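Let's start with one chain on its own, the form deposited in one PDB entry, as structure tokens.
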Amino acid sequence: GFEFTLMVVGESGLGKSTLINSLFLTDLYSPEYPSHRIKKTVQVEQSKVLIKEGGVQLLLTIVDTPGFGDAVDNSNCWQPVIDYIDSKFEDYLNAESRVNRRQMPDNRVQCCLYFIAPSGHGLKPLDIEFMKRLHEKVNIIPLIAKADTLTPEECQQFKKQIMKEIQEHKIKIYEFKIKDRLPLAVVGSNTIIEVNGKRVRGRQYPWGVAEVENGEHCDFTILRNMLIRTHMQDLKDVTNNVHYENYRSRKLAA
């Protein structure tokens, strides 16, 4: 087998559930059921996705954070995400410090997808604060959400502006060309529609169909391929040898 812990962060309604379902071919999320307005906070939610393909089975933990960025006042909304991540480091540090450390559960967060709203301008203040405060605790993959809302020229200018701001703020996102088109701009959909004679997943508008697996429409295929067993391993290795060790060295030095 093989295990992996993926965290999802972003405002409500940025296509996060649809993208997760699109990457892993799941139907993991329930509809919004009724009944209005009670102040929102970031709540950590875990799903276990056990995907069996005949022996090569993947055990995937999806850590969602509904409420992030959704209140009128989003002050310190990163803090519950820090608390969850750092608590997993602490659990690991305590487990490996035991005299009899045979068992060893590993729940450290190995990747964080951060969804950027496709405004077409730049990063929001909350985007900068979240990434600047988490980039040394977890592997951040920033994503331009709902990328079918950008024309190609708008998308290109928006990618460039975002990368300009990540550099200006000395933000260290996860690094593996693919770097030429960061951040990845994704479209998600499990809806099948026939475009020409081929059935493909994508989003049906009156004027045409944005295709999830068309590399000229979005970077979904790049992202899915980046999240397979071999590239998951490097995400695990950096979590362990960089983020965990940095946390461990900091706590022990005190």
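The term rigid core refers to the most C-alpha atoms you can superpose between the two forms while keeping them within 1.5 Å. Position 1 is the first residue in the sequence shown; the rest follow in order.
- A chain break between residue 34 and residue 35 is present, corresponding to 1 to 3 residues of the deposited sequence without coordinates.
- Coordinates are absent for 10 or more residues of the deposited sequence placed between residue 176 and residue 177.
- Looking at mean Cα B-factors across 203-211 and 60-68, the upper value is held by 203-211.
- According to the PDB record, 191-199 carries the higher mean C-alpha B-factor of the two stretches 191-199 and 214-222.
- Note on the listed residues 108, 135, 146, 102: the highest Cα temperature factor in the record is that of 102.
- The PDB entry assigns the greatest CA B-factor among 239, 18, 12, 230 to 230.
- Sort the modelled residues of the chain by CA B factor and residue 165 lands in the middle third.
- The entry lists a Cα temperature factor for residue 180 that places it in the highest third of the chain's modelled residues.
The same protein has a further form, the form deposited in another entry, not shown here; the description that follows concerns it.
- Among the candidates 222, 193, 228, 59, displacement between the shown form and the other one reaches 2 angstroms at the C-alpha for one position only, 228 (superposition on the rigid core).
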